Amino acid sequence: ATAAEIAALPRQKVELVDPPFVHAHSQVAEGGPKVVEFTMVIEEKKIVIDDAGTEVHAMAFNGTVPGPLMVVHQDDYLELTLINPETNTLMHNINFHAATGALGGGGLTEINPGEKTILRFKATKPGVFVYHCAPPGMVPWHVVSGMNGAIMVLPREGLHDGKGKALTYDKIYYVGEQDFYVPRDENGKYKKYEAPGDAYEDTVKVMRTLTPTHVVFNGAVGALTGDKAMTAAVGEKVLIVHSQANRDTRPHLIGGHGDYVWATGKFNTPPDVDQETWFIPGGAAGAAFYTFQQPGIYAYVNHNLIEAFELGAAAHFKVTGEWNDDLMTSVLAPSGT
């Protein structure tokens, strides 16, 4: 398309919502290609990542870890206004794995505190894709400080299974998984720092061990539990988009399955089916589609069970509906031999 043709396209402003929720969108595209406009302000901010009160100096797109999910359709243009407020201390940028050229956009979006930039790219490939900050010389430090999220580029005709049958979800959640590398003192207790920069050298040491201290969903141990548990009902079709910008994960819905899993995150690659545990390599997003069949509590985890239950990578679903004794029944409840 020419500059004139792109200028002629309709514009649509989108208001982002915080993960694990996803902004309003249509599964099947409404009309022809559009220029879809998003705005995010970067916030360097202290966050608490566990019940003990462990602090991280987060670097957060739109003030959240992960950054919010942006949704467009194939061959739309994504136009992001990215703002680095003067209250921040570092240069930041953005790299979309969905985009083509200039390192995913990082080469065109280097902004110092007090600067903004507007990047437009054509969403040429359908799938879920990571985005993250990547300042030359400081790449993993920004990413593992939480400066990452994902986008979804839906096919214009919505999702289909590997054989061309439509797959329409009732609801969608975005689970961003974060590996954190928090320095410890000689007592083995987590350290706190005055400024983000004070934590650099100690943190790099931990990063080099390749062993995170915390592996969390939505920025903290237990963030998607209790009154923040995800919800569904028997019969409800749910898409769960999962990203990890730096490190492998292996998602598993305990008590359920991934009926269709785009494990590579890319919708022109046919989905795997009937999955127990799927695998998403660091630097990627994946998506699983499931129809709930049983009520009750589910745990959605990274199925390295140490990572899930010792390091924090566990979320819950609360599911309403009627129990199905055909699928599963307690023939004899625990009782004396």
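Each residue number is its position in the shown sequence, starting from 1.
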{"property": "Stretch with the greater mean C-alpha B-factor as recorded in the entry, comparing 165-173 against 196-204", "result": "196-204"}
{"property": "Comparing 179-187 with 223-231, the one whose average Cα B-factor in the PDB entry is higher", "result": "179-187"}
{"property": "Criterion, highest CA B-factor; candidates, 258, 149, 135, 255", "result": "135"}
{"property": "Criterion, highest CA B-factor; candidates, 158, 212, 265, 251", "result": "158"}
{"property": "Ranked against its chain, the third holding the CA B-factor of residue 243", "result": "lowest"}
{"property": "CA B-factor placement of residue 90, once the chain's modelled residues are sorted into thirds", "result": "highest"}
{"property": "CA B-factor placement of residue 30, once the chain's modelled residues are sorted into thirds", "result": "highest"}
{"property": "Chain-relative CA temperature factor third for residue 23", "result": "middle"}
{"property": "Third of the chain, ranked by Cα B-factor, where residue 310 sits", "result": "lowest"}
